[PDB]
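Read the numbers this way: they start at 1 and go in the same order the structure lists the ligands and their atoms. So that the names make sense, note that chain A is the first sequence line, chain B the second, and so on, each numbered from 1.
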Amino acid sequence: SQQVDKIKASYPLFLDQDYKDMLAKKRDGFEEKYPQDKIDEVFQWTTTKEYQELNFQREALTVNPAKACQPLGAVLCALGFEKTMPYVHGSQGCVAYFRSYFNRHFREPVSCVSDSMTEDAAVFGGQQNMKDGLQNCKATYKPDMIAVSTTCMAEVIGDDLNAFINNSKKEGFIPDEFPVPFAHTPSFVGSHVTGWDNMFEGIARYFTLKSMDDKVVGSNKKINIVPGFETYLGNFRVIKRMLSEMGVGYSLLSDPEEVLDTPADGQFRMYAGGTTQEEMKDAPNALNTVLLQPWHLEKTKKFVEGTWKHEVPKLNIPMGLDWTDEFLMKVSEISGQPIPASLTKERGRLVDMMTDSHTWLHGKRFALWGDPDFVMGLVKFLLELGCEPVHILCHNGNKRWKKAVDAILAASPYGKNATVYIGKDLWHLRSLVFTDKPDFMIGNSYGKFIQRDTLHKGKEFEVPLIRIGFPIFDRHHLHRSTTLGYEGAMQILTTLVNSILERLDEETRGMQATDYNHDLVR
Amino acid sequence: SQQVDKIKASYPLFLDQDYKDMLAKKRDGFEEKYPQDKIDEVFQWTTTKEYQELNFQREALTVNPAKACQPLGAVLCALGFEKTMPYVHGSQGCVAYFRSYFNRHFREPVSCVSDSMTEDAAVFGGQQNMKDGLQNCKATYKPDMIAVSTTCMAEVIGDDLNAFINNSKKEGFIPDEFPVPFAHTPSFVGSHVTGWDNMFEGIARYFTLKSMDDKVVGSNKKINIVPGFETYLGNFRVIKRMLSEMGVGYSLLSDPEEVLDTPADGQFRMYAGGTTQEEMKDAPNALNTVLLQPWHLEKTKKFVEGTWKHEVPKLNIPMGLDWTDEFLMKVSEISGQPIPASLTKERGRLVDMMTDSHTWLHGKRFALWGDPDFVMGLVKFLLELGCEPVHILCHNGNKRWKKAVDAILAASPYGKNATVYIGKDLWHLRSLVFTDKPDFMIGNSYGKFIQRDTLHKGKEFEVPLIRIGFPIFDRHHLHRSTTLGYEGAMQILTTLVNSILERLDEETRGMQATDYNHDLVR
Amino acid sequence: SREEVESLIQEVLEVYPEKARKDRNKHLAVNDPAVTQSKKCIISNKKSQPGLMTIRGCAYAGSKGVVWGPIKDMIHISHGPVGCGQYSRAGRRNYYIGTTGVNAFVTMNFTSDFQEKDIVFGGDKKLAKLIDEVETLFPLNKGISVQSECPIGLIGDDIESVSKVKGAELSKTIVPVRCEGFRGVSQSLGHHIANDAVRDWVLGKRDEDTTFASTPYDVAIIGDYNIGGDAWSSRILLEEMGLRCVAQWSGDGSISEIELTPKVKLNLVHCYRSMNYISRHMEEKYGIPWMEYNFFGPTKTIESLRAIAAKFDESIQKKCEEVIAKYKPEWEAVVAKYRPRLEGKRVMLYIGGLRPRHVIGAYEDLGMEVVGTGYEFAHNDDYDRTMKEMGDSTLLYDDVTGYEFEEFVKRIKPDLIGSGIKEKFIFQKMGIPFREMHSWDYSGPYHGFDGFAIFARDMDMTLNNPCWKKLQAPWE
Amino acid sequence: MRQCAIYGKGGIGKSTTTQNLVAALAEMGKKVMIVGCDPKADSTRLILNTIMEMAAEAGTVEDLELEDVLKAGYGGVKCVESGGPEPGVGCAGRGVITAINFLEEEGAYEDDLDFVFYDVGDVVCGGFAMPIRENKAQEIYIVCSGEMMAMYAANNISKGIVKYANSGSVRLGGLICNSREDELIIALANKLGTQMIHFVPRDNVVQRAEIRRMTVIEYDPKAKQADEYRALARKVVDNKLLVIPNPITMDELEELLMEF
Ligand code: CFM
Ligand code: CLF
Ligand code: SF4
Ligand SMILES: [Ca+2]
Ligand SMILES: [Ca+2]
């Protein structure tokens, strides 16, 4: 039943007695459900150290991944350029999913097309689909550039993207001069971050490879900045803010800030802002090039160093206190611009916040996951804060990365109870927080399920999720946050202590029981 | 007992069996505590509508106030001026408390002196204290200006601040030209906000009253901005940002943003930034003067209209969409500067956020409190979001204010289950959230106790606190937030939807019980 | 360091006008542990010089804030304007067990919130009405206290008459405290007024009463305010030693405990400054002897337990050795873990009227030396006790000004500072590790053996914290 | 627009003379306002809801309208009473501070008056000195007698003047004597460095009128005493002698008295 002025949604409608007894009749009657005592016995078991051994002995099954496939990153990369339509050569299902995934995270429209390859195109190759699709997309959606990536179906059958686009131009489907950069992005290689690296290098190549002879390093007096797979709008914004503040001339290669944050003013803008074709063409003329997420920008680095002759700085992601200092001093070195008083004061304010909050942060244990650069910088900041990053998980991380992160942890006493796990998933991590319980988890929305499992074991076993990373689907507008610079460091710190304090207030809210420690001032 | 590697602080130390047993022996043996059944009976009764009639019939007792005394606001006003020492004439207890109170909120040092009036100075008058105190403060702490306010003890006995300061200068305790503005700030009149108004007006008077003959309105081509009692650093910042973005020449009168946020760089700075003496002296030459918090800047308005001859605009606090639009267009009108593309886009992004999140915000009921302007702008915003501000409490509000806010509530269908309470305290509101339960409370740290009480009645009756206002003592770095402008409106909006979603995830985290609605995407 | 602290003192004082210069000079000194009498070395409990940013509170803070406020089952009324009550509302962590708003009222703020008309017409009629309102709205309260704020003391509001008539009528104990903020020179006189209000209106209530069943091992903790649970962490030891702790003064204290205190055999005084007055009174009226104890750190806790147990029989003394042995493994573990992390570190302290000398032994159990110490409001008898507990050429400061403390810290350069919230953010800015020694920086306990574990943990987390190495920018 | 304050020993006839003076003043066509600030007396009963009582009733001073407090009486004299507690309780001093502040803030002094007269009580605290702060009373007249405790009171008041004089614009306009006493008060003034603006003779008609709630001017315009108040009024209206008094010692006072 429903009362018109107090209408109940799914929760709490189904908690009413008529639905609760109806559901019981469905279970006892036709579900043949295992007895509750067996369901609770196996749960208890999935909690033990014994189950953990079996779990980690897996070699073929992957349960609850913490990564996506290559094209997703390729789509995001392409969206960072002025009036460009991401085009994914292969099956259309992929695109629908790419779009839905990004719509749910950024709460914005994401524009991308497929050339919808069917069973017959799987057998004959996607050459006709490439011809029609490039023509249909350019004429209907009118981009100034179409950036082509691929789905696994098209990779397995070896559709030569270069040939197909060249034949498309020769038959008059699209003009010869129309920019159509490409990148082979196999789903069964790496992850979404590799797809971004691949797609970026493809665009860099398209605009610079043939043009190298008239280029002079440092002649435009700028520093190119390559962001990498970035899903927090505050990150594009903080980097642009700190360089402008220093008076540094720069060019951000792949900038989706505007398309992913258009105003609801009355009209729909499919394209907005982005890195211009000319910024891409003029890019080898820069003093140097700074990659913000080096661990997934390796191929780009090889092209920039080998092709553009730039001496890419050995710089970690600028997250945390030390790596932001390093980034700023490096940008200062290259540009010749001194680090201004505004940034000097901003650094002191982050340090101030750290001294104000160290008492609650100290010795706090965390399980965390994410992309290699992100999780690497998260680990360093946590260390600078006096926290212990006990379980560090990076599904899409490689051996050399684990080495580097082990080096980071070995340089600090707070990393003496930490272990790094690459190639492992959230079902693996679920076990680690049960057997070696940390205070919190720092991860994406997929960790909400780990939190529910720990809570099911009991309240004292609950490990709360602090939502930092991608994707965040269950909270609103967190994509507007900052993770980079001192600004991002300040946001992360506040979120960490306040999560600790929210949790402490809950634990001490019990009247006459635990509320003796429910203090007004903390 | 204590295990050296897993040391327990008060929680959970006292929950251990030997302590729990000892506490029980203390109670049964020496406390003569009322039986738990009686304690339980009285609690339930304090929850009823019967108890609420009694509570609201109080005329002499005040329990858990939502306001402070005049001098506190006076100290904050004075901190907004360049190298000035807030000086409070009267007894020292007041100052120790003022400083402590602001320390705990801003997590920063707060400088203020007293002239330590003792029992014989209460009987003889505080003239000698004022002579030596002004001399000692100037010689020791070296400010460029000393802003004198008062405690009740000095107000009762009628210590003439003007005569006492003039005799101090006459006898050679401080230079005749050393700036010493003053304001009588009686504890027993108004609240902390009234103290701000009295002090600001006292400084305005000091620097402009005598000099009015050579002043021409609009000759310096700036707009004065008088902020009022403001404890969110982001509010000083957003207003300064929006005006600079417009190319509007302005002068912010009382700006404590720098002193209340110095860097931890190795040195302590007692003074930092602030409105210069010359900016106050040159203030009557401005085009006009905008008061950001008009409901507690009434004495200031009268001096600005009366003496400066400025036509202060009838403008509300710039909180929420409409009032921020009104503020920008009035500022545009007065300065002759058009509202730029950057602000126009920012406005659409807030509207965008509103259209994305309206589903969860609709019909959400709120209990709220604070100072009159803040609580009025909050009501308006909530109303623009489709929310119902059921209980509106402003302890320090007056009758005209209640009329104004009732008028705002009348203008929208969302303010129809709403009632405004002036002169009522948090014990009155404790009842209101028990008898007419809302979904959340939006207030300061004192409301954590109301949440504790509602939870003791049961989980279903629990009303969660969303910490917005002053003072926030139990969370860190919230004083850095923004409440004003679109920027402030976006921050407020995110906090509200995410508090709603946080709470939903909590109520849906039950395994096989309520978790059918524990959705990944929300 | 022997004459370097005297030239420091003179150099610091050079900034004051002449009148303030001569007064502050006698309030600062260098210690000589052979000086049983501190009055030829330092004077104290004199008024603060105007405009010099003293750290002191008032008599109300001493009465309501520290002595009466902690008593859980009474309703304490901040009588006067809204200020005092709000700022002191739950600022001090005087812990208690109880259902707040029903039978306990510690974290709440009851005020008469005086307006102009209460100042001009007087507020005795308002007070009487307020008392009737706390009675219908908080029926389970076991008494009421009326804490005077400045205005009540000028205006001549006859609050004892109101207390007398309303108390007899309602059959309630209503205590009027004339603790208006301008009386005295600090929190200290507030302690005194409060102690007197306790004896005159509460202590002798159960005088002709012989209903309580006494035991030869009955004791009372006098002067332990249970900051962070300090008193509970102290009475666990006392009761494991075979003693029966009939009362806790103010910390988690109840009115009945106070009434039952004249029935005990011994008054164990922790905070000498705030409650020596009521203890001395209990000796001349009820014959109950009193002795001072220190539960900060193992060396002092052990010493204290032994002295306290020596006042009783052989069975209590035997249990005393049982308890010392029980906790020996535990506190040695703490010393083994944290002392190597803390040895040779220097600490400057500036607290109220007891901790500046009381936490010294606990710091020394971790190998740390206190190079400077001082009190906001102590009397010379506290300074007398301070000379034995401090090192030789160390700095001593009474009612230190903001200027003095900052500059002394700049010379001396301590590794850690222990003081309150008003100086916390000053020294963190300066790169010096800071621990709040009033509120324990929201940690605690620090009393007893279990408290020592938390104390060491805390000094270590702050002193050897990674943030202190990052105050300076690598590019300057 | 001259603001004047009237201090003196009450057991004399301080309030009665102030009112008879203001009545003579209004009779000359002068627009006057009387502000009662004396808890030990009724300052407007002869010319006719206090500020404090009206305020409490309405909630606070901010809720007060000037028309609720100001009432016109004889000769159109405007009357305002500060109000205060009942005997033995409260704080009348603060009541005065509040009332004057209210009058300032409510624009009562900016209506176009010729005189404002504060009838003040004994200055036992800062509040009763509210009338002589800056932007208030500039002229002080003290009513006195040949009595000792009455002249000593005149001096204490002078010492109080001196204090606020060195700080601002407030002077002693002179002595008014309510009946060789005639000579005694003249010397007292010369010692103070001021004058005896007028010697009000003793006349039963003043009591006759007073007990019947009137000033002599209203009670009997033709009376000889009436002309005495008209003489005082003219001397006040034309007075130009404003001085900072030179208080004497009780010894110097016992000398002056012993010489008569
Ligand atoms: S500053 Fe104690 S004489 Fe008093 S509140 Fe702290 S050093 Fe007090 S030990 Fe105590 S529980 Fe205290 S810490 Fe005596 S009670 S007026 Mo501020
Ligand atoms: S010594 Fe009157 S309301 Fe309460 S803070 Fe004051 S201005 Fe404000 Fe001590 S008794 Fe209280 S804190 Fe007297 S007044 Fe200061
Ligand atoms: S002497 Fe004055 S300030 Fe003091 S209580 Fe009395 S009327 Fe008030
Ligand atoms: Ca959106
Ligand atoms: Ca800080």
Novice: Could you check whether atom 3 (S) of ligand 3 has a protein contact, counting only heavy atoms that fall below 4.0 angstrom?
Specialist: yes
Novice: Nearest heavy atom to atom 10 (Fe) of ligand 1 wins, so pick from C:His438, C:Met437, C:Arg92.
Specialist: C:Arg92
Novice: Could you check whether the rings of C:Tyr272 and C:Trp290 sit parallel, tilted or perpendicular, using 30° and 60° as the cut-offs?
Specialist: tilted
Novice: Taking 2.8 Å as the limit, list every protein N, O or S atom around atom 2 (Fe) of ligand 3, by chain and residue number.
Specialist: D:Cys125 SG
Novice: Give the ring-plane orientation class for C:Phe405 versus C:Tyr350, where under 30° counts as parallel, over 60° as perpendicular and anything between as tilted.
Specialist: tilted
Novice: For the residue pair C:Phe295 and C:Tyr293, does the interplanar ring angle fall in the parallel (under 30°), tilted (30 to 60°) or perpendicular (over 60°) class?
Specialist: perpendicular
Novice: List-wise, which protein N, O or S atoms are found short of 2.8 Å from atom 14 (Fe) of ligand 1?
Specialist: C:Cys271 SG
Novice: Does the ring pair (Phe, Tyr, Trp, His ring centres under 6.0 Å) test come out yes or no for B:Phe188 and C:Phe114, once each step is laid out?
Specialist: CA-CA 5 Å; B:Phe188 41 91; C:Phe114 267 34; 8.7 Å; no
Novice: Show the atoms of ligand 1 that are less than 4.0 angstrom away from any heavy atom in C:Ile351.
Specialist: 7 (S)
Novice: Once ring pair (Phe, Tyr, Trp, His ring centres under 6.0 Å) is applied, do any residues pair with B:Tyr101, and if so which ones, sequence neighbours excluded?
Specialist: B:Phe470, B:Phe473, C:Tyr87
Novice: One thing to verify: whether C:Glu436 and C:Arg92 come together as a salt bridge, which I'm taking to mean a side-chain N less than 4.0 angstrom from a carboxylate O.
Specialist: no
Novice: Considering the options C:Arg357, C:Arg355, C:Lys300, which one meets the salt bridge (charged side-chain N to carboxylate O under 4.0 Å, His left out) requirement together with C:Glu389?
Specialist: C:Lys300
Novice: Checking contacts here: is it the side chain or the backbone of C:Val67 that comes within 4.0 Å of ligand 1, counting heavy atoms only? Could be both or neither.
Specialist: neither
Novice: Considering residues at least two apart in sequence or located in another chain, which fulfil the ring pair (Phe, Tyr, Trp, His ring centres under 6.0 Å) criterion with D:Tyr7?
Specialist: none
Novice: What atoms in ligand 1 come closer than 4.0 Å to a heavy atom of C:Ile227?
Specialist: 11 (S)
Novice: Measure the distances from the heavy atoms of C:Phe377 to every atom of ligand 1 and state whether one is below 4.0 angstrom.
Specialist: yes
Novice: Please work out which of the three classes, parallel, tilted or perpendicular, describes the rings of C:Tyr383 and C:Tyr375, given edges at 30° and 60°.
Specialist: perpendicular
Novice: Can you find a side-chain donor-acceptor pair between A:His477 and A:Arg107 that sits under 3.5 Å?
Specialist: no
Novice: Scan C:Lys64, C:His79, C:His76 and name whichever one has a side-chain hydrogen bond (donor to acceptor under 3.5 Å, both in side chains) with C:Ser145.
Specialist: C:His76
Novice: Cut-off 3.5 Å, side chains only: do C:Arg280 and C:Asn276 have a donor facing an acceptor?
Specialist: yes
